[PDB]
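Q: Pasting a structure below so you can have a look.
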Amino acid sequence: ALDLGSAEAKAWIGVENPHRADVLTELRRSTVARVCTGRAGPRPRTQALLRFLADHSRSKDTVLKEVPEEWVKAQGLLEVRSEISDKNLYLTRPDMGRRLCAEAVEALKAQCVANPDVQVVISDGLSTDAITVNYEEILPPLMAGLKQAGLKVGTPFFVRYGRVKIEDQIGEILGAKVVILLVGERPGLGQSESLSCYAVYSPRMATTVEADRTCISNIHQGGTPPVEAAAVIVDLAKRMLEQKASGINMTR
Amino acid sequence: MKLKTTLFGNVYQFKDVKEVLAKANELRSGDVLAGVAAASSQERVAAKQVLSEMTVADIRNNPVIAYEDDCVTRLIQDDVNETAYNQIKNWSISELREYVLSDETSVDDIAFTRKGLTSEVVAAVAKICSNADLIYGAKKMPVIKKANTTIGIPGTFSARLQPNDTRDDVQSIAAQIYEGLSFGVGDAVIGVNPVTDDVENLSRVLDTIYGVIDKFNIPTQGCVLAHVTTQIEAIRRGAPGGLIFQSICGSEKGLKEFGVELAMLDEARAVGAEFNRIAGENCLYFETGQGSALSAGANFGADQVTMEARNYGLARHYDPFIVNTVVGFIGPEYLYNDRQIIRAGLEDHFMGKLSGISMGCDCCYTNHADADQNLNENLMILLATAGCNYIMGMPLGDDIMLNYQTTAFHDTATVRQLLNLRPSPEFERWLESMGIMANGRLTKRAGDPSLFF
Amino acid sequence: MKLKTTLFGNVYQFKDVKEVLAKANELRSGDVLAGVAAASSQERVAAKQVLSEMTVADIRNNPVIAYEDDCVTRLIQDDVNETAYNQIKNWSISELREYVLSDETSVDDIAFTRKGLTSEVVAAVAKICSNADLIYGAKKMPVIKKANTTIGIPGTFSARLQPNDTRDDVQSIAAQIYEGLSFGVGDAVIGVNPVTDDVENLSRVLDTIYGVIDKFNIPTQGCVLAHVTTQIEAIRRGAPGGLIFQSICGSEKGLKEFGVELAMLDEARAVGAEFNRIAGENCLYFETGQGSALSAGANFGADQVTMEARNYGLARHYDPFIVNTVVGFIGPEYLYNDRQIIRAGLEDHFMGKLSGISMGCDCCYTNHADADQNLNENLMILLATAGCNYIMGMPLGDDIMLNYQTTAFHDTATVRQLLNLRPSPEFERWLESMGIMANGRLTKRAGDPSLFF
Amino acid sequence: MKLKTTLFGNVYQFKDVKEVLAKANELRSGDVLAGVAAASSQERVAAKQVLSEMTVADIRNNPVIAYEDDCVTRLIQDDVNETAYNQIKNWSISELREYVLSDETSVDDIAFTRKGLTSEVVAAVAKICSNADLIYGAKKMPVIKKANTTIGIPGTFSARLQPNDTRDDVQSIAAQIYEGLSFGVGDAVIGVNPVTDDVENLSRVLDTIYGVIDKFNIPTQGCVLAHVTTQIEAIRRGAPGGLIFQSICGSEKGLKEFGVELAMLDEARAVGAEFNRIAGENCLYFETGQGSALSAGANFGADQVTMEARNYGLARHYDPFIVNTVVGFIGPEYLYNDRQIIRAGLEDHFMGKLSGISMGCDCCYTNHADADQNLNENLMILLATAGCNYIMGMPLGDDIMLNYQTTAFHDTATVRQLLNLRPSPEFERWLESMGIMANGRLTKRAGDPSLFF
Ligand code: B12
Ligand code: NA
Ligand code: NA
């Protein structure tokens with residue numbers, strides 16, 4: 001008897017008559033990829049297919065999963081949204097996810113501090129879990145990084161239903177020299193807590209291209225740890241202000 | 001030309017070639033998002049008929065971004081054989097479709113004829129093809145290239161080993177390599193998308209790949225799929241050069257989005273020729289896919305099939321070892337479901353082969369798309385019958401890192417044994433020597449990465 | 001028996017084997033309509049795992065309609081080789097899936113093993129198979145029969161000529177026959193669904209079919225697809241007997257809906273043996289399809305995949321020359337779209353081949369289903385790779401009196417030349433002597449019904 | 001570097017690599033004339049041993065004209081794969097000879113290894129090869145190109161139709177074309193050396209060649225062997241472009257003697273890509289031969305074998321469809337007799353194949369050389385066993401305006417039927433449909449130019 005979401009199901013060796021099964025266990029230990037599950041003819045073994053199917057059912061739910069408004073409020077965050085009203089429209093309309101709605105623009109001018117050196121934006125994007133798991137690990141030492149030795153720090157705020165190009169409009173309105181967007185990248189099969197940082201020097205809606213951004217991707221406990229990544233993003237921000245450059249325009 | 005037809009007594013008028021090309025597309029969510037789709041099935045068929053009656057000249061002389069404004073358009077137009085063009089310029093697109101599909105049209109006939117085409121004309125043919133048209137048409141247009149393996153020989157089927165890791169951990173990359181080779185995956189390339197973009201890390205990932213290649217004397221090539229500039233940097237500084245990769249887009253603005261100049265790809269060719277461990281004459285590797293130009297704001301009112309065709313016209317200039325579309329890499333906003341992703345996969349592959357590039361497909365989907373692993377298995381088999389040069393392999397198709405599902409190591413072995421297809425002949429020889437393959441089929445002790453230890 | 005697992009900490013309980021069989025199905029519109037579908041994706045996977053851990057004895061000893069109450073259940077159960085059954089009865093369905101798919105399992109291994117199966121067990125295997133599982137599994141289970149043609153030899157691909165007319169007009173039937181033969185269609189059967197169900201009309205349609213067969217000495221067989229009693233009547237009274245047809249359903253109630261007793265199919269066998277113009281030992285022809293039991297009131301709370309498997313257990317008793325599902329014959333209420341119709345087609349064909357019948361598929365859809373001709377072309381090619389014994393042929397696939405779209409004459413020629421498959425060897429020899437086929441390929445002169453004139 | 005051995009107690013000292021390369025040559029009349037030959041047989045062998053013990057780095061880093069002073073040296077050096085070079089740079093020329101000849105060295109091994117060579121190193125290997133070394137070495141290094149024919153596949157043997165006339169009379173050119181085709185000659189190219197070097201005459205001769213090609217739908221290509229600027233002129237102004245020709249020399253001074261800049265060959269490539277009626281990717285044609293640099297003042301104290309190797313390094317940059325030496329084109333002052341002309345032919349072909357060009361040979365002599373037609377027949381057969389890609393064909397080999405004797409049309413048919421070799425596969429198919437060839441052999445009706453009438 002087996003739960004397909006258990007650690008025993010994850011560690012399963014399926015290879016039937018192994019050449020060297022001690023290598024097989026230490027290969028299974030070396031990676032989170034679905035290695036060493038064996039075969040039936042050229043096809044997957046049944047338990048490997050079943051656990052794949054189980055993980056996909058779990059993965060589908062995490063794309064529709066939304067964080068409480070109350071959780072955003074408990075973080076001390078301004079919630080703002082894009083032009084997108086709901087999760088279903090988000091998935092079909094990236095162009096509306098890349099623009100603040102009319103009430104969002106006015107809220108940012110109302111409530112956020114003007115012409116910062118560094119502006120942290122946080123958005124659910126395509127994975128809520130990427131925010132909710134990681135937030136308390138990444139965000140406090142990021143704020144305490146940019147403050148302690150340094151700069152005019154923006155006040156951090158949530159954008160609901162954000163796509164990456166929205167940080168250009170955020171840069172223009174708030175007058176920000178560096179914009180950092182921490183955003184949920186699209187959910188994997190067997191994980192959902194993968195966060196990316198997208199960061200850009202002094203952006204403009206008409207003129208900024210994607211290559212002008214620096215990406216730091218795969219921030220989680222199975223990737224780059226959110227505490228360790230916080231000091232990466234601060235050092236990136238310091239380099240961005242020194243060089244007056246981001247993305248492909250940066251040295252080294 | 002006519003921009004106009006009458007269908008069931010009702011007149012259907014379109015403004016330009018660009019609109020006719022767009023609305024002739026089979027329904028997809030990307031064309032609706034771009035605002036360029038047909039309003040009905042009737043207007044789709046009317047667009048198809050208008051397109052079919054337009055000449056090769058009509059569509060050649062109206063590219064969707066103009067010559068003077070776009071370096072990809074210039075590259076496509078300047079590469080035309082004008083003698084081949086002049087032979088076919090007064091053919092209708094209906095006549096060109098039937099020419100491509102004809103059993104009296106040989107591989108050698110199409111070899112000259114395709115040099116008279118532009119990417120927009122290549123798009124125009126695909127748009128009036130059925131699914132079986134796209135599959136049969138692609139099948140009778142083989143494209144063969146050579147690195148350390150030969151890819152694309154009829155009766156063969158290759159696979160990229162894609163050993164990706166969330167930290168670029170060298171034990172986890174190695175584990176996935178040994179698993180892939182034990183299923184006979186890796187004759188296209190052993191190709192890692194890296195986390196960090198950076199000469200020390202690129203060289204270490206390449207050292208890991210080529211550690212395995214050199215130990216077992218494997219006829220294949222390695223690749224690391226960072227930006228082309230950092231690849232060139234790393235290879236110049238003494239990392240092993242296999243294939244050199246770039247993601248490409250079908251307009252100048254799309255290339256600027258990607259941070260790509262045309263002269264980087266010139267440089268990659270020159271660096272390949274100086275540095276790279278490749279026996280044959282092809283060493284470049286491009287990846288493509290519908291929606292990328294629309295994402296970039298760089299489609300200029302054109303549909304994503306026409307834009308994707310222009311990728312292949314750009315790619316053809318550089319005579320790469322391999323190209324694949326990454327067919328459902330992005331998500332539902334450009335291709336929504338099973339049926340759209342299959343159709344795009346068949347379109348992309350047909351258009352690549354018509355453009356004369358070594359065309360494969362990452363048969364894939366994302367978890368926010370209306371799609372599952374049965375779609376990948378549907379599409380990989382359809383495309384294999386179309387003579388798709390290669391697919392990907394990952395452990396059960398789970399990318400732990402790029403956060404999508406592609407094809408399993410299993411799936412390449414399945415396709416080969418289902419359809420009586422072999423690997424690349426050089427790689428097949430190696431598999432036979434390792435005891436992994438006999439007569440095209442996995443042996444008993446295949447599928448087991450512990451064979452290598 | 002466990003009727004229970006836990007999945008991500010959550011306990012999933014099902015009432016019986018019937019519910020586990022139903023909810024393990026891939027999503028289709030018919031299972032929702034029957035009220036038997038999974039409520040969620042997670043409960044689908046939980047049902048799949050419970051099913052996989054259930055044994056062959058568990059499924060065999062719980063048929064979905066009981067032995068006492070159902071003559072089809074009796075027929076299936078009483079046909080079991082109990083020695084074959086006793087060898088495998090303590091196998092899990094997981095183990096049986098892996099057994100079927102294994103390259104170390106031969107055709108002759110499965111030949112004996114399938115005799116210990118019932119239709120419910122056949123269904124259970126299919127439910128935990130992926131699309132590529134269903135295709136590769138079916139491919140390695142060839143079933144070969146012989147009428148005046150041999151069908152189902154690996155490397156071959158047959159087709160029914162379906163020359164249907166709105167008035168049974170004998171010039172319109174002949175027209176479609178000459179067209180079909182010019183594409184190499186008709187080696188499975190030349191088979192008309194008549195408008196009127198009477199002996200004079202049956203005999204006239206058979207005279208028209210056999211008029212063509214006898215003039216050109218064609219190795220094939222004719223069929224008129226009226227009710228089996230009217231066929232028997234016509235043939236007794238001296239009409240040419242080829243194949244004898246009946247639509248079947250997977251319960252006694254379903255047969256009563258169709259107006260069939262089992263003794264009619266006994267009689268059809270004996271009438272075949274006395275009367276019919278058939279060189280080989282197989283002369284029966286059944287058609288099936290998912291939804292028919294549910295339409296009839298006759299599924300008894302069972303899903304349409306399990307019920308369709310029971311068709312094949314029924315069919316196997318009578319050792320027919322050919323069976324096909326008519327996969328999307330009815331409408332969207334049982335299979336809604338492309339994805340569901342493809343999946344059903346792969347299921348139906350796999351289950352037929354596992355049951356050891358000569359299994360083909362009418363790859364088809366209706367105009368009120370969410371479906372088009374590109375779906376037919378997708379499915380026909382996938383099934384051809386699975387070693388589907390035959391499909392239909394009609395002119396562009398347009399049935400002018402059954403009001404649906406099946407596959408074109410073109411589509412059989414396409415599949416054959418795409419996949420390097422031949423007709424039935426007897427029929428291929430005839431095509432070669434007519435100048436229609438050379439080396440598996442349509443000649444220049446082919447595709448032209450005026451060749452016969 | 002040793003520039004020194006002792007042989008039978010006697011110390012042999014040479015000044016530089018250039019003298020060692022020169023004196024290691026087999027005796028020929030051109031090396032004596034150049035003042036660079038060995039003084040004795042013993043000094044020849046001493047030079048051979050010094051050369052054999054010199055390393056790949058020794059020869060690469062001393063080209064016979066320096067990098068700064070010579071654009072051909074620059075072109076050769078800048079085309080080196082430095083990774084391939086670094087693998088082999090500490091190999092002796094002895095070891096490289098044994099590597100090339102080894103049966104454990106594959107075509108794909110040499111494919112990479114030759115990219116680390118320069119032309120001087122290619123020459124050095126040939127100098128310590130015996131005649132059977134040169135023949136077997138070349139045979140195991142096939143080079144395959146494609147125009148409208150594929151040339152250089154092992155088991156095949158091609159021929160240039162050379163229909164030259166004293167007045168460029170279009171009836172006399174056509175006469176010789178019809179004669180050549182009747183013997184199966186012309187799959188390499190149909191190639192005229194014109195009397196007059198102007199656009200009207202070039203276009204008229206091309207119209208005559210392509211008049212025949214288009215009437216009979218021949219898979220081949222035409223060429224007019226005037227200066228490359230006049231070809232480009234003619235083709236721009238609308239003459240049919242097939243192959244574009246230039247005679248080349250192995251130094252910058254030699255090119256200036258010939259009136260060639262490298263940018264003309266760049267232009268020829270681009271003109272080919274725009275204009276030329278060529279299905280494959282190769283459309284350039286060079287001719288070479290020992291003595292030409294020495295004639296030009298342009299050998300700079302280097303021997304004619306080293307200088308001829310530098311032709312092939314130049315040619316390789318431009319990836320031509322075909323190259324041939326014209327082995328005894330000039331006269332006795334460079335190669336005196338049968339023995340010297342055979343040896344040069346074997347050297348030239350080996351070095352071409354090692355350089356990775358599609359290497360053939362005009363097996364030829366002049367009437368003021370010590371030579372006859374039996375030498376042509378000796379050499380053509382030896383080179384055919386070496387896998388020589390093509391020879392010439394003329395009527396009995398008599399050139400009526402270039403004033404020399406090459407090989408007969410007979411001689412290609414002889415070689416093919418002697419050695420069981422076929423034409424280019426595209427051209428062979430055409431010969432079979434004309435009734436000229438069956439199973440590689442001339443039919444009864446062949447050898448008769450009136451077959452075309
Ligand atoms: C989907 C995807 C793409 C898509 C983007 C299209 C789209 N609309 O999503 C396409 C196919 C276009 C693409 C292309 C490339 N990608 Co990408 N991509 C991804 C992926 C899988 C998802 C990112 C995501 O979910 N974003 C979150 C959502 C909410 O944002 P979004 O608004 O919907 O999408 C935006 C971003 O995805 C952004 N984007 C996508 N890729 C990249 C790469 C870079 C360097 C930047 C700055 C931005 C960027 O473009 C969209 C806005 O137009 C990640 C892998 C991962 N696990 O994150 C890699 C990833 C970000 N890509 C990567 C790279 C290198 C590339 C290329 C440069 C490849 C190449 N060698 O040419 C190109 C060019 C990117 C560009 N400059 O536009 C690397 C980044 C490495 C780094 N730290 O710099 C990643 C991390 C994968 C890897 N190899 O590890 N990519
Ligand atoms: Na469809
Ligand atoms: Na002689």
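Going through the structure tokens in order, the chains are called A, B, and so on, while each chain numbers its residues from 1 and the ligands are numbered from 1 in the order shown.
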Using only C-alpha atoms, determine which residues lie at most 12 Å from residue 70 of chain D, disregarding the query and same-chain residues fewer than 2 positions distant; provide the list as a PyMOL selection string.

A: chain D and resi 63-68+72-77+249-256+262+298-300+310+314

Q: How would the residues just chosen look if you wrote them out with N, CA and C atoms as a PDB file, in the first residue's frame?

A:
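As written to disk, part.pdb reads:
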```pdb
ATOM      1  N   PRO D  63      54.907  27.811 -43.329  1.00  0.00           N
ATOM      2  CA  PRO D  63      54.414  27.843 -44.710  1.00  0.00           C
ATOM      3  C   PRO D  63      55.451  28.435 -45.664  1.00  0.00           C
ATOM      4  N   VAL D  64      55.367  28.067 -46.936  1.00  0.00           N
ATOM      5  CA  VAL D  64      56.458  28.319 -47.878  1.00  0.00           C
ATOM      6  C   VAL D  64      56.437  29.763 -48.403  1.00  0.00           C
ATOM      7  N   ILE D  65      55.267  30.402 -48.333  1.00  0.00           N
ATOM      8  CA  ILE D  65      55.184  31.866 -48.338  1.00  0.00           C
ATOM      9  C   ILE D  65      54.494  32.375 -47.077  1.00  0.00           C
ATOM     10  N   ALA D  66      55.052  33.433 -46.484  1.00  0.00           N
ATOM     11  CA  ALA D  66      54.738  33.803 -45.100  1.00  0.00           C
ATOM     12  C   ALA D  66      53.338  34.412 -44.984  1.00  0.00           C
ATOM     13  N   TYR D  67      52.806  34.432 -43.757  1.00  0.00           N
ATOM     14  CA  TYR D  67      51.427  34.892 -43.500  1.00  0.00           C
ATOM     15  C   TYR D  67      51.213  36.343 -43.978  1.00  0.00           C
ATOM     16  N   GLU D  68      52.184  37.212 -43.688  1.00  0.00           N
ATOM     17  CA  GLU D  68      52.023  38.670 -43.899  1.00  0.00           C
ATOM     18  C   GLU D  68      51.972  39.031 -45.394  1.00  0.00           C
ATOM     19  N   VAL D  72      46.735  33.769 -49.788  1.00  0.00           N
ATOM     20  CA  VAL D  72      46.411  32.326 -49.829  1.00  0.00           C
ATOM     21  C   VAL D  72      46.886  31.617 -48.564  1.00  0.00           C
ATOM     22  N   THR D  73      48.114  31.928 -48.133  1.00  0.00           N
ATOM     23  CA  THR D  73      48.604  31.497 -46.821  1.00  0.00           C
ATOM     24  C   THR D  73      47.646  31.922 -45.696  1.00  0.00           C
ATOM     25  N   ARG D  74      47.226  33.194 -45.721  1.00  0.00           N
ATOM     26  CA  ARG D  74      46.261  33.714 -44.733  1.00  0.00           C
ATOM     27  C   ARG D  74      44.959  32.943 -44.761  1.00  0.00           C
ATOM     28  N   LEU D  75      44.447  32.694 -45.965  1.00  0.00           N
ATOM     29  CA  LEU D  75      43.189  31.971 -46.134  1.00  0.00           C
ATOM     30  C   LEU D  75      43.280  30.535 -45.597  1.00  0.00           C
ATOM     31  N   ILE D  76      44.385  29.855 -45.911  1.00  0.00           N
ATOM     32  CA  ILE D  76      44.625  28.494 -45.418  1.00  0.00           C
ATOM     33  C   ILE D  76      44.733  28.464 -43.876  1.00  0.00           C
ATOM     34  N   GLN D  77      45.552  29.374 -43.322  1.00  0.00           N
ATOM     35  CA  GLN D  77      45.821  29.403 -41.873  1.00  0.00           C
ATOM     36  C   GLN D  77      44.573  29.767 -41.066  1.00  0.00           C
ATOM     37  N   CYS D 249      45.780  29.404 -58.505  1.00  0.00           N
ATOM     38  CA  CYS D 249      47.177  29.141 -58.188  1.00  0.00           C
ATOM     39  C   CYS D 249      47.442  29.339 -56.690  1.00  0.00           C
ATOM     40  N   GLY D 250      48.511  28.713 -56.190  1.00  0.00           N
ATOM     41  CA  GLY D 250      48.664  28.474 -54.749  1.00  0.00           C
ATOM     42  C   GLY D 250      49.413  29.597 -54.033  1.00  0.00           C
ATOM     43  N   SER D 251      49.589  30.721 -54.723  1.00  0.00           N
ATOM     44  CA  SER D 251      50.130  31.935 -54.106  1.00  0.00           C
ATOM     45  C   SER D 251      49.377  33.175 -54.588  1.00  0.00           C
ATOM     46  N   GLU D 252      49.531  34.281 -53.855  1.00  0.00           N
ATOM     47  CA  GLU D 252      48.935  35.565 -54.248  1.00  0.00           C
ATOM     48  C   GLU D 252      49.520  36.071 -55.570  1.00  0.00           C
ATOM     49  N   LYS D 253      50.844  35.948 -55.714  1.00  0.00           N
ATOM     50  CA  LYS D 253      51.530  36.266 -56.975  1.00  0.00           C
ATOM     51  C   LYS D 253      50.986  35.431 -58.147  1.00  0.00           C
ATOM     52  N   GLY D 254      50.732  34.146 -57.888  1.00  0.00           N
ATOM     53  CA  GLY D 254      50.168  33.248 -58.898  1.00  0.00           C
ATOM     54  C   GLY D 254      48.748  33.614 -59.306  1.00  0.00           C
ATOM     55  N   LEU D 255      47.944  34.045 -58.333  1.00  0.00           N
ATOM     56  CA  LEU D 255      46.590  34.551 -58.615  1.00  0.00           C
ATOM     57  C   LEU D 255      46.633  35.833 -59.449  1.00  0.00           C
ATOM     58  N   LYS D 256      47.589  36.709 -59.132  1.00  0.00           N
ATOM     59  CA  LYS D 256      47.775  37.962 -59.875  1.00  0.00           C
ATOM     60  C   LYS D 256      48.209  37.704 -61.321  1.00  0.00           C
ATOM     61  N   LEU D 262      40.540  37.206 -54.761  1.00  0.00           N
ATOM     62  CA  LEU D 262      39.716  36.294 -53.948  1.00  0.00           C
ATOM     63  C   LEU D 262      38.249  36.742 -53.891  1.00  0.00           C
ATOM     64  N   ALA D 298      56.245  32.226 -59.057  1.00  0.00           N
ATOM     65  CA  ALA D 298      55.369  32.499 -57.917  1.00  0.00           C
ATOM     66  C   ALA D 298      55.404  31.347 -56.916  1.00  0.00           C
ATOM     67  N   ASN D 299      56.428  30.504 -57.033  1.00  0.00           N
ATOM     68  CA  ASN D 299      56.596  29.368 -56.138  1.00  0.00           C
ATOM     69  C   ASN D 299      57.498  29.694 -54.957  1.00  0.00           C
ATOM     70  N   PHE D 300      58.287  30.777 -55.096  1.00  0.00           N
ATOM     71  CA  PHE D 300      59.125  31.310 -53.984  1.00  0.00           C
ATOM     72  C   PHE D 300      60.086  30.248 -53.420  1.00  0.00           C
ATOM     73  N   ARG D 310      48.602  23.710 -51.906  1.00  0.00           N
ATOM     74  CA  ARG D 310      48.099  25.025 -51.482  1.00  0.00           C
ATOM     75  C   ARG D 310      46.916  25.498 -52.333  1.00  0.00           C
ATOM     76  N   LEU D 314      43.267  26.578 -50.695  1.00  0.00           N
ATOM     77  CA  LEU D 314      42.506  27.682 -51.291  1.00  0.00           C
ATOM     78  C   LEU D 314      41.098  27.235 -51.737  1.00  0.00           C
TER      79      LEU D 314
END
```

Q: Got a sec to tell me which of segment 165-362 of chain C DSSP assigns to alpha helix (DSSP H), as a count of residues only?

A: 97

Q: So, with only C-alpha atoms and all ligand atoms as the atoms that count, which of A:102, A:144, A:227, A:91 lies closest to ligand 1?

A: A:91

Q: Could you list, as a ChimeraX atom specification, the residues of chain D having an atom within 10 Å of chain B when counting only C-alpha atoms?

A: /D:78-85,107-116,148-149,219,238,240-241,270-281,426

Q: Write the selection just made, keeping N, CA and C atoms, as a short mmCIF file (atom, residue, chain, number, x, y, z; two decimals), in the first residue's frame?

A:
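Output saved as selection-v9.cif:
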```cif
data_model
loop_
_atom_site.label_atom_id
_atom_site.label_comp_id
_atom_site.auth_asym_id
_atom_site.auth_seq_id
_atom_site.Cartn_x
_atom_site.Cartn_y
_atom_site.Cartn_z
N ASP D 78 43.80 30.73 -41.57
CA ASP D 78 42.62 31.24 -40.84
C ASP D 78 41.42 30.27 -40.92
N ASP D 79 41.54 29.23 -41.74
CA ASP D 79 40.47 28.23 -41.89
C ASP D 79 40.70 27.00 -40.99
N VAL D 80 41.86 26.96 -40.34
CA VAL D 80 42.20 25.86 -39.42
C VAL D 80 41.25 25.82 -38.21
N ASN D 81 40.62 24.66 -37.99
CA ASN D 81 40.13 24.29 -36.66
C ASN D 81 41.28 24.08 -35.68
N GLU D 82 41.44 25.02 -34.74
CA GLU D 82 42.60 25.02 -33.85
C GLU D 82 42.51 23.92 -32.78
N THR D 83 41.28 23.51 -32.45
CA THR D 83 41.06 22.36 -31.55
C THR D 83 41.52 21.04 -32.18
N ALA D 84 41.14 20.83 -33.45
CA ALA D 84 41.66 19.71 -34.24
C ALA D 84 43.19 19.77 -34.38
N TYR D 85 43.71 20.98 -34.63
CA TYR D 85 45.16 21.19 -34.75
C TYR D 85 45.90 20.83 -33.46
N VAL D 107 36.27 7.32 -41.86
CA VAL D 107 35.94 8.55 -42.59
C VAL D 107 35.64 9.74 -41.63
N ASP D 108 34.90 9.46 -40.55
CA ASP D 108 34.52 10.51 -39.57
C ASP D 108 35.70 10.97 -38.70
N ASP D 109 36.63 10.04 -38.42
CA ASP D 109 37.91 10.40 -37.76
C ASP D 109 38.70 11.42 -38.59
N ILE D 110 38.89 11.12 -39.87
CA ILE D 110 39.63 12.00 -40.78
C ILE D 110 38.86 13.31 -41.06
N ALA D 111 37.53 13.23 -41.03
CA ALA D 111 36.67 14.41 -41.18
C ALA D 111 37.05 15.54 -40.20
N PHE D 112 37.25 15.19 -38.93
CA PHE D 112 37.68 16.16 -37.93
C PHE D 112 39.17 16.47 -38.04
N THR D 113 39.99 15.43 -38.23
CA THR D 113 41.45 15.56 -38.17
C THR D 113 41.99 16.49 -39.28
N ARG D 114 41.41 16.37 -40.48
CA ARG D 114 41.86 17.17 -41.64
C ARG D 114 41.64 18.68 -41.44
N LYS D 115 40.72 19.03 -40.53
CA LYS D 115 40.43 20.43 -40.21
C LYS D 115 41.58 21.10 -39.42
N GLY D 116 42.43 20.27 -38.81
CA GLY D 116 43.62 20.77 -38.12
C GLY D 116 44.86 20.81 -39.01
N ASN D 148 23.34 19.43 -59.41
CA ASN D 148 22.18 18.63 -59.85
C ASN D 148 22.49 17.14 -59.90
N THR D 149 23.78 16.80 -59.78
CA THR D 149 24.19 15.43 -59.51
C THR D 149 24.94 15.35 -58.20
N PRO D 219 19.55 15.59 -65.68
CA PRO D 219 20.16 15.98 -64.42
C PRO D 219 21.66 16.15 -64.57
N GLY D 238 21.75 37.14 -68.01
CA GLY D 238 20.57 36.26 -68.10
C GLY D 238 20.87 34.92 -68.77
N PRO D 240 22.02 31.04 -68.67
CA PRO D 240 21.84 29.95 -67.69
C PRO D 240 23.12 29.67 -66.91
N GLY D 241 23.05 29.80 -65.59
CA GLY D 241 24.18 29.53 -64.72
C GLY D 241 24.15 28.12 -64.19
N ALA D 270 28.09 34.20 -54.53
CA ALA D 270 26.86 34.98 -54.34
C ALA D 270 26.03 35.03 -55.63
N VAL D 271 26.70 35.11 -56.77
CA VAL D 271 26.04 35.04 -58.08
C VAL D 271 25.40 33.65 -58.30
N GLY D 272 26.13 32.60 -57.93
CA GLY D 272 25.58 31.23 -57.90
C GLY D 272 24.29 31.13 -57.09
N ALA D 273 24.28 31.76 -55.90
CA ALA D 273 23.15 31.67 -54.98
C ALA D 273 21.91 32.42 -55.49
N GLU D 274 22.14 33.47 -56.28
CA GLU D 274 21.05 34.27 -56.81
C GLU D 274 20.49 33.69 -58.11
N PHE D 275 21.37 33.15 -58.95
CA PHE D 275 21.08 33.01 -60.38
C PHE D 275 21.04 31.54 -60.86
N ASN D 276 21.83 30.68 -60.22
CA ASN D 276 22.27 29.44 -60.87
C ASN D 276 21.28 28.30 -60.72
N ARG D 277 21.19 27.47 -61.76
CA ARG D 277 20.16 26.43 -61.85
C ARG D 277 20.64 25.14 -61.18
N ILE D 278 20.83 25.21 -59.87
CA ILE D 278 21.51 24.15 -59.13
C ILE D 278 20.68 23.75 -57.90
N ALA D 279 20.31 22.47 -57.84
CA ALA D 279 19.46 21.96 -56.76
C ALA D 279 20.22 21.85 -55.44
N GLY D 280 21.46 21.37 -55.51
CA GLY D 280 22.30 21.22 -54.32
C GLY D 280 23.04 22.50 -53.96
N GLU D 281 23.97 22.40 -53.02
CA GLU D 281 24.54 23.58 -52.37
C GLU D 281 25.94 23.92 -52.91
N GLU D 426 21.57 10.29 -59.93
CA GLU D 426 20.58 11.08 -60.69
C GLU D 426 20.79 10.90 -62.19
#
```

Q: Give as an MDAnalysis selection string every residue of chain A that touches chain C within 6 Å, counting only C-alpha atoms.

A: chainID A and resid 3 5 40:41 46 54 57
